[PDB]
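Some notes on the structure that comes next.
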Amino acid sequence: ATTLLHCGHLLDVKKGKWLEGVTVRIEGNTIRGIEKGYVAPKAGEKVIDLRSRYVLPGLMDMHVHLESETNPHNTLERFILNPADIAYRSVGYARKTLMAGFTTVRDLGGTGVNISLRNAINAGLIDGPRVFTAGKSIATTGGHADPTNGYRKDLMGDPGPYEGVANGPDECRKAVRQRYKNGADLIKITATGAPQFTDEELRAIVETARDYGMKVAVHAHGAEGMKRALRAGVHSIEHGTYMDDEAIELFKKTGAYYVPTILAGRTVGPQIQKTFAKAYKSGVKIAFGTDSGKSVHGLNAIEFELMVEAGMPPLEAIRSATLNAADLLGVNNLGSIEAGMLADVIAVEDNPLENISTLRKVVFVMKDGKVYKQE
Amino acid sequence: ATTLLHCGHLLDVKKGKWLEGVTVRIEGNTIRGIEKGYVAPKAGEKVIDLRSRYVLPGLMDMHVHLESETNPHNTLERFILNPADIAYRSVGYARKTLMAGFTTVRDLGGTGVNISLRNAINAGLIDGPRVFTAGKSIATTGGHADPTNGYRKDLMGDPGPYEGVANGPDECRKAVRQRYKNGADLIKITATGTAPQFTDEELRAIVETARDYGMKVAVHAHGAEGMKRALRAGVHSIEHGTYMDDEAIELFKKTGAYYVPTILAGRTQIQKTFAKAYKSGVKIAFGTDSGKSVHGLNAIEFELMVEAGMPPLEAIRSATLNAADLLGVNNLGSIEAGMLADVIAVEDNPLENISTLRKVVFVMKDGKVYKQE
Ligand SMILES: [Zn+2]
């Protein structure tokens with residue numbers, strides 16, 4: 001099927017330049033090309049009028065938790081909520097995310113319901129973003145992602161690699177293989193609260209993950225855990241609130257991405273923005289991530305503002321949500337509107353490079369070939 | 001050891017009369033007698049001055065839960081608290097109860113830590129009231145005393161007689177025997193939610209087993225139908241009997257079972273029902289279900305019983321004579337020769353203003369003085 005987007009302004013994020021009065025030709029789910037002017041439909045074709053709009057690639061958020069959203073009772077709800085309850089809330093969370101304009105997300109934590117949500121969205125059952133999920137986070141015993149942490153001794157039990165808790169390299173191998181068996185796209189670990197992973201454990205995780213084509217994302221606020229993860233060869237660091245100048249040189253030599261998460265934890269202080277500034281000025285690779293869930297879903301665009309207020313130019317923020325995100329995912333057909341890519345397109349009212357806050361009201365959303373939002 | 005109490009006013013609860021300016025002579029843990037005047041002490045005899053005070057027997061509360069106390073977080077607390085945490089909290093709960101003047105209590109529900117608390121208090125390890133506990137309450141699956149109620153299915157499991165959840169007469173027999181094995185003094189079951197949760201055959205099995213092992217049966221019941229099933233089964237006490245039919249009151253009088261209102265906890269109606277019950281001549285024993293209310297505020301219930309029309313003397317009798325009768329002990333609840341020295345003292349006449357019981361100035365248990373303020 002053929003859909004033509006008559007775009008007044010279309011953002012070339014690789015060039016960094018707006019293209020004025022162009023047509024995007026989409027056949028099926030793929031962008032077939034960009035044509036100057038507005039092209040009449042030679043044969044009956046679907047045309048969408050975005051001439052008064054600014055057009056962007058579908059934004060991607062590389063830190064979301066689609067299973068949960070914070071609530072006065074999350075800690076009790078951990079004991080009272082069943083998988084079906086989690087799924088039914090995730091429905092609305094995913095819909096709000098997709099209609100905020102984020103066509104792709106990287107889910108870094110759940111009970112495994114996230115895998116079912118991705119499969120159900122991909123099957124056409126529920127409206128949502130393309131989800132690349134880590135499934136269950138991997139932690140060491142008592143680690144941040146240990147599922148039975150804080151339980152009464154009777155309800156605590158002894159979680160092992162099947163549950164995502166590993167101690168020692170071989171157990172780590174089984175835990176990564178278990179996440180692969182469960183259908184995870186990537187691996188996420190909790191490296192600090194103190195470093196919760198030894199160098200050999202991290203090496204085991206990174207090598208196993210690379211064997212199965214899974215990247216490694218690392219949640220770490222402490223400096224030593226970040227430096228261990230970076231030396232091990234992990235692909236991304238989350239938050240990293242305290243960063244050693246040594247961690248910045250590690251970032252630069254390894255090429256790992258830094259996902260700031262300024263939005264989440266703003267709620268929980270301002271250190272994180274200071275850290276982000278020092279990272280961006282240093283030349284650290286940056287990918288866009290909000291940690292949605294602690295922050296209400298569909299308010300991810302707020303993070304854009306916070307990144308620009310910290311000194312990141314709007315083009316570089318939008319590139320962090322598009323080009324850098326697609327590179328971090330390991331996908332080559334998303335994050336830029338050009339021939340051969342997947343038709344993930346959003347559109348806003350005003351110039352996002354002159355005011356980034358325009359991104360918090362997305363008026364047009366199309367994921368794959370299908371249009372989900374056209375206000 | 002010998003102690004003399006110089007009591008300005010001492011309440012003879014049996015005759016309902018004050019005796020003025022008397023001496024209570026206690027040897028060891030037992031009341032040896034009441035003498036005219038303030039008897040002058042011989043050497044080695046200790047004397048406590050209650051000449052400005054009103055002196056009454058130790059109060060007893062027949063619905064308390066010493067393991068827990070209410071807070072915005074009880075529902076999350078169960079998933080996080082271990083038995084030791086519960087014991088350490090219970091320590092303070094018991095101490096505050098004893099200093100409120102309640103020298104004897106009937107703990108009607110716990111996880112079994114209540115049993116260890118009773119054994120520890122009786123061993124002299126922890127300051128506390130004389131405790132008579134049901135241990136773990138028995139309920140049917142989904143009953144109010146079901147331990148895994150509301151848990152996610154992964155954590156809920158299938159609780160059975162070992163856990164206090166029984167279905168059918170044989171499981172009930174085993175659950176009562178399990179409480180006996182664990183060291184409980186009495187059995188407590190939850191017969192209603194308002195929907196009735198124990199079948200007549202189940203109730204008969206429970207009371208007959210309890211009767212074999214010398215244990216009384218107390219029943220938490222809010223609904224009328226479960227209340228009447230329990231009363232027909234032959235239970236000893238009905239607790240929180242809200243929504244009570246007039247026919248149930250006739251059953252009450254024929255069975256002789258006690259009605260424990262727990263008006264204080266039901267302030268969260270109960271008062272209208274308690275008023276009708278008291279007017280009908282039902283046997284009433286004092287109970288607060290403190291635990292859901294802060295421990296140490298038990299005396300407030302006294303107030304409410306007088307507010308519903310019960311005369312102060314009968315409220316004090318419900319906390320003393322009626323309570324001791326319901327427990328099945330013959331040496332507690334009245335200051336007279338041959339009984340155990342559980343004695344409290346207050347500032348004003350409790351029969352003219354019962355709220356004076358909320359300021360207990362003197363507490364004596366088993367001959368020992370815990371409070372003399
Ligand atoms: Zn997170």
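Each chain gets a letter, A, B and so on, in the order the sequences are listed, and its residues count up from 1.
Using cut-offs of 30° and 60° for the angle between ring planes, the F79(A) and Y151(A) rings count as tilted. Taking the six-membered ring for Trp and thresholds of 30 and 60 degrees, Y180(A) and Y212(A) have ring planes inclined between 30 and 60 degrees apart.
Listed for the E67(A) side chain is a donor-acceptor partner under 3.5 Å among the backbone atoms of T111(A).
Under a 4.0 Å N-O distance rule, the pair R118(A)/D107(A) does not qualify as a salt bridge.
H219(A) and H63(A) have their aromatic ring centers separated by at least 6.0 angstrom. No close placement of the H144(B) and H222(B) rings is indicated, their centers lying 6.0 Å or farther apart.
Within residues 153-164 of chain B, the residues having any heavy atom closer than 4.5 Å to a heavy atom of chain A are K153(B), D154(B), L155(B), listed by residue number.
For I80(A), the parts sitting under 4.5 Å from any heavy atom of chain B are the backbone and the side chain alike.
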